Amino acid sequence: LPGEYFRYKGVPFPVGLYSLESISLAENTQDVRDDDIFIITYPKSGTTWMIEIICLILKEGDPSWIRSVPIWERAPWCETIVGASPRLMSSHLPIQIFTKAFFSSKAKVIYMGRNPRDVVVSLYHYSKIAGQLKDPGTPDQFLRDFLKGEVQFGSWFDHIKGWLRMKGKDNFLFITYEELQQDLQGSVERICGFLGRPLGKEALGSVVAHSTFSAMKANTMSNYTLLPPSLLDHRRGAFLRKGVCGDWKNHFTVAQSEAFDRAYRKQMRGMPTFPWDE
């Protein structure tokens, strides 16, 4: 596994987990179903968190599933070399590469968004233990590429902007990491309402408890510890790092934090105020 990028229709992808073949199949496939469910996010936004929350919702709270099966098998990524009823799938693809057949179908999509800053810190560390990804290199340089969209999947800015074009639609829910972080149980109900799958105190309360950071970091099937070191280095670090809101303040120097606001301002021009925007 090289740890290099290749490009598809102009977008950067990691060698190995992805290939021209896979991405295409995902873009141009026809297998999209009315009851299918898609989790779509930009890496390090907390996909995993959601991938679990939903798995619990599905089984009304029976941890059975999330205990027995890994996570990359409960909500399989479309674009990956090994792409996927009721089907739960996930994708990091930008709106212009995602499965087209989607747009005309009644399928459901939950876009999760995270504070761009934390997403970088989060990606920084991960890259160090990720087999498919090249090592961070100097901080600044890493931050320069992120803002420049010179990383796997391209600009975080483009991604969230493009996808948000689905806001307004009823087969599309947009939610942020911060929200789950703020009121997880609330979010759970919401994401439940969105999927036409209600739960009783018992069920909901279960999903809540089982979705918590600690809980998940405690579940082998969910903490990625079962991946082959040739993709994650267990001896070094962990996929579920801290799991908190605003760890960016402990990484960015003011200089970087300012330059970021700059780039961010000249990119999120007239976007609505996001949770994290202070």
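Quick note: we count residues from 1 along the sequence shown, nothing fancier.
For the cut-off of one third of the other compared entries, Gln96 stays well clear, since all of them model it along with its flanks.
Judged by the one-third criterion across other entries of this protein, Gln141, modelled here, is also modelled in every one of those that cover both its neighbours.
In this entry, no coordinate-free residues of the deposited sequence separate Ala101 from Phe102. A summary of the deposited B-factors shows that, of 231 to 239 and 248 to 256, the stretch with the larger mean C-alpha value is 231 to 239. The stretch 24 to 32 shows the higher mean C-alpha B-factor when 24 to 32 is compared against 212 to 220 in the entry. Within the selection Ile160, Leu195, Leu123, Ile110, the deposited Cα B-factor values reach their highest point at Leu195. When the Cα B-factors of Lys148, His92, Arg117, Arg87 are read from the PDB record, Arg87 comes out highest. Ranked against the other modelled residues of its chain, the C-alpha B-factor of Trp77 as given in the entry falls in the highest third. When the modelled residues of the chain are ordered by their C-alpha B factor, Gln185 lands in the highest third.
Ranked by C-alpha B-factor against the other modelled residues of its chain, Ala203 falls in the highest third.
Annotation for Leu143: CA B-factor lies in the middle third of the chain's modelled residues. Per-chain ranking of the deposited C-alpha B factor places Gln132 in the middle third.
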